[PDB]
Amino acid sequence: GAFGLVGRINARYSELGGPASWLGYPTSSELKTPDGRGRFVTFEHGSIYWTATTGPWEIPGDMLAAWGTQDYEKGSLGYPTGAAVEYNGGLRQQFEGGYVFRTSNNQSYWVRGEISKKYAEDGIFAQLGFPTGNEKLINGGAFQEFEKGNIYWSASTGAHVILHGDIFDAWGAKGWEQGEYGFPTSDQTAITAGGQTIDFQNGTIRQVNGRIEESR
């Protein structure tokens, strides 16, 4: 099928090597987005989106589908603001409202808002690995699951990291964030001699010499 492209999207397609690129051939001419702000073009293996203020960016098909689960540009992620680039054996792509990932296990998930901001801090990926799902809204705020732990957020507590393991399980036995401890107020932090510690709204849990210690 023959298609002739225009403006900054055609520009970006050319920059990627046109049909020789991973996108393959166009499967549409330039289309308007629902919200009357953007333009896009579909290709065999993904799409390019554009706004006057974000510029033209290709999104691979799997990450395009994942972006779709919160309704693409109409969702809080908004428009892509950069390319999908190699990231820890996967891809990371920045959006106005967060990030979309190809994971190293060839799955695709998004991160958004305050949880995105925490996940993007240096050292946090090393602690968590890839997302294993999208954000979940809960009573009091939100949380998200990653390979090696979770991030929890409430407006009062901010976004904080807790790892899988005995401290997480001890909090779980008391109903995690809905229970008497409430939300994590600190990131789980290593201490000397192998220990771990984290603060919650209404107490602290420590692991030292492989023993759990609790305060309320």
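A residue's number is simply how far along the shown sequence it sits, counting from 1.
Peer 1: Could you settle it for me: does 26-34 or 160-168 have the higher average Cα B factor in the PDB entry?
Peer 2: 26-34 has the higher mean C-alpha B-factor.
Peer 1: Name the higher of the two by mean Cα B-factor in the PDB entry, 49-57 versus 185-193.
Peer 2: Mean CA B-factor is higher for 185-193.
Peer 1: Compare the C-alpha B factor of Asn139 with those of the other modelled residues in its chain, then answer lowest, middle or highest third.
Peer 2: According to the entry, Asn139 has a C-alpha B-factor in the chain's highest third.
Peer 1: Tell me, lowest, middle or highest third: where does the Cα B factor of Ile151 rank within its chain?
Peer 2: For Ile151, the deposited C-alpha B-factor lands in the lowest third.
Peer 1: Determine, from the deposited record, the chain-internal third of the Cα B-factor for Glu180: lowest, middle or highest.
Peer 2: Within its chain, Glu180 is a highest-third residue by C-alpha B-factor, going by the deposited values.
Peer 1: For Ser116, return the chain-relative third of its C-alpha B-factor as stated in the PDB record: lowest, middle or highest.
Peer 2: It falls in the bottom third of the chain.
Peer 1: If you rank every modelled residue in this chain by C-alpha B factor, which third holds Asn88: lowest, middle or highest?
Peer 2: For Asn88, the deposited C-alpha B-factor lands in the middle third.
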